[PDB]
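Here's a solo chain for you in structure tokens, the form deposited in one PDB entry.
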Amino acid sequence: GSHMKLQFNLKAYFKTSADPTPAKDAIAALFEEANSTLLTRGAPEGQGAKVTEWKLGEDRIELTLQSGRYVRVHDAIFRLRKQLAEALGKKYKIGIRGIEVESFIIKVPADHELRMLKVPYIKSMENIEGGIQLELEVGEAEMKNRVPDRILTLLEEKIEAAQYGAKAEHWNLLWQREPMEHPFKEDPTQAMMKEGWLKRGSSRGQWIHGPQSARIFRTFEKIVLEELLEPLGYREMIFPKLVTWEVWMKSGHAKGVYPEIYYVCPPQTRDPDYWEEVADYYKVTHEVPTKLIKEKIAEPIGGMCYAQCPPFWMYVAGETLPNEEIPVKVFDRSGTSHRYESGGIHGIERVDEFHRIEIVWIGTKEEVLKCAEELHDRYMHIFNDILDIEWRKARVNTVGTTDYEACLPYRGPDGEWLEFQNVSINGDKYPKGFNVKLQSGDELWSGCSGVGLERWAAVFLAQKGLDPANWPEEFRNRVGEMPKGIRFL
């Protein structure tokens, strides 16, 4: 780690209506008092902002302002603006207009070099002793909007990622089941195809489930409702599946979800005449003109459901919950989630279109941890007593994700286990993101948990096979009489 000081350097001048040369005695007096009083507020001892030099023009008052991480220059300059206005407006009869930036320099500690990228408002970048120096192309509007703080946070993220969070996974085992005998060793996806349970859909990593596979999905759903959601007092809601930029901005997904989303674009207009060229092209060529269509669709409005819970938060956005209403415990099972997974075909263990029950809870810190614990107890009961599967759980501070993993015997003794279930304590992230308050003024937390039916199927069928005679009695009772598939010649 580099110990170099985080430092902000600002060279700027204030716009004046006329030339305030005579008011020099008052101007110099306020700057010295600012350095000992005003610019010190909100900073630890001797870490306040400093005006290092000052000079005058015939319509401008310039300064060089310096700061560390506290009372930053883009914050301190507006403090000096409001003081200089009141001190010179009443007696000296002179008005201060806008702020003009001449140079904005941030110095940030870093161990390694960074490849410079196209980032808005960053003029140039250069390596210096102990870190990185940024030159900013920023005016007063951008300073008021706190652009420098966002640029700093971005560079700090890039610095951390280049050195620290490089390990693919850091993994912490919490609980593991006693190993079981595994007499079934087929890839469940291949067995399901051979025995007429399902077929590949037209789209990438997409499946069509025949009656046999659908029955399995429905039984897992029934188990989650009856063994978890009902006894724990969860209430069904319907969350939207088309997710807008607004939602992902508030959830934080707009910070990097881009490589994995299926994007959605509305038509630019519903006017048939606008689309006639597309229809005509297809009727003549028997080909869909995708290049033309891309020109005729609007810019993306967002994408298809990715994490499932974010669009729910528009229901509580901007609202205050009464203390009587928490914990809010809800779930949704109203449709499909879409993710652009890695290249290479997979089985149902890794699809581009999946079906998940998303479980969401909101309350105080303690109510959220308690709710998480309730969920873990119910999941353990399900996996041990009903599905009777071999499994473990691992934790990827109480904020974070607990992952459930299970072995797939077709992958061999040294095969990688499959993540099939998770429980996430999200802290204040979502309440803060969507501006959801609690009546008592206590901090609101939330958690979520997603049951991916494909992953449960991949695990259960990999371990138990497709023959009901060899399934746990408790699972068999819930399935009922298996339906027949559609037989082909």
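Just so we're on the same page, rigid core means the largest C-alpha set that superposes within 1.5 Å between forms. The numbering used is simple: start at 1 and walk along the sequence shown.
Participant: At a threshold of one third of the other compared entries, does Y92 come out as unmodelled?
Facilitator: Yes, left without coordinates in at least a third.
Participant: As a check of understanding, is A168 unmodelled in at least a third of the other compared entries that model its flanking residues?
Facilitator: That residue is missing from at least a third of the other compared entries.
Participant: Which fits the stretch between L242 and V243: none, 1 to 3, 4 to 9, or 10 or more deposited residues lacking coordinates?
Facilitator: Gap between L242 and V243: none, chain continuous.
Heads up, the form deposited in another entry isn't pictured, but that's what we're talking about next.
Participant: Can you tell me which of these residues, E156, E277, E373, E246, is the one whose C-alpha shifts by at least 2 angstroms between the shown form and the other one after a rigid core fit?
Facilitator: Result of the comparison: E156.
Participant: Just checking, between the shown form and the other one and with the core aligned, does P431 shift 2 Å or more at the CA?
Facilitator: After core superposition, the displacement of the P431 C-alpha between the shown form and the other one stays below 2 Å, so no.
Participant: Core-aligned, is the CA shift for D388 between the shown form and the other one 2 angstroms or more?
Facilitator: Shift at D388: below 2 Å after core fit.
Participant: Aligning on the rigid core, do we see the C-alpha of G441 shift 2 angstroms or more between the shown form and the other one?
Facilitator: No, shifts by less than 2 Å.
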